[PDB]
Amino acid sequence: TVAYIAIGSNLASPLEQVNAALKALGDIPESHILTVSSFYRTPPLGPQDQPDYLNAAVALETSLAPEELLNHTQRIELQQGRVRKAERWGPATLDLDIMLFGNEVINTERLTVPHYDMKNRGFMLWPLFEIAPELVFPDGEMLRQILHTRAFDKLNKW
């Protein structure tokens, strides 16, 4: 099954963090990285000069069950980042989100696929469209269509 995973970092050298996260993701059992997007740059909300976010998307072929994949992504986040409690409202060392898992729809306390609000987050959709321009969401909506009809500025590259 192809899982699409969102990667985000705005602390401790994001280029270093995304690269470590990619390596970790690549090591997950019964899984293989199919494709990686370019790295995008998402500035913060606010003028106060806060660190920009590096965002990416990964196509991960996997024979794992969705909750099994989640066990590894959470593990990776916990081992590589999640250093201070403030990161939940503020800058983060590493965020790993499972965006999509094949055409599955999943709503458990643990795991919600498609990811919460992802259709309204260009920092997710732009890199996903780079690697999967023909993608169709589980409800039948085309990703391309979503980007042609919602108010997303083009994200600049890192």
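In this text, residue numbers run from 1 along the sequence as written.
Highest mean C-alpha temperature factor of the two stretches 38 to 46 and 91 to 99, which is it?
Between 38 to 46 and 91 to 99, it is 38 to 46 that shows the higher mean C-alpha B-factor.
Do the CA atoms of 106 to 114 or those of 28 to 36 have the higher mean B-factor in the entry?
If you average the C-alpha B-factors of 106 to 114 and of 28 to 36, the larger mean comes out for 106 to 114.
Which has the highest CA B-factor per the PDB entry: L70, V58, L64, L125?
Of the options given, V58 has the highest CA B-factor in the PDB entry.
Taking the C-alpha B-factors as the PDB entry records them, is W158 in the lowest, middle or highest third of its chain?
Within its chain, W158 is a middle-third residue by C-alpha B-factor, going by the deposited values.
Modelled-residue ranking by C-alpha temperature factor, third containing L78
Middle third by C-alpha B-factor.
Could you say whether, by C-alpha temperature factor, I7 belongs to the lowest, middle or highest third of its chain?
Tercile = middle for this residue's CA B-factor.
Check where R144 lands among this chain's C-alpha B-factors and tell me if it's the lowest, middle or highest third.
Lowest third of the chain for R144's C-alpha B-factor.
Just say lowest, middle or highest third for the CA B-factor of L22 relative to the other modelled residues in its chain.
For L22, whose C-alpha B-factor we compare with every modelled residue in the chain, the answer is the middle third.
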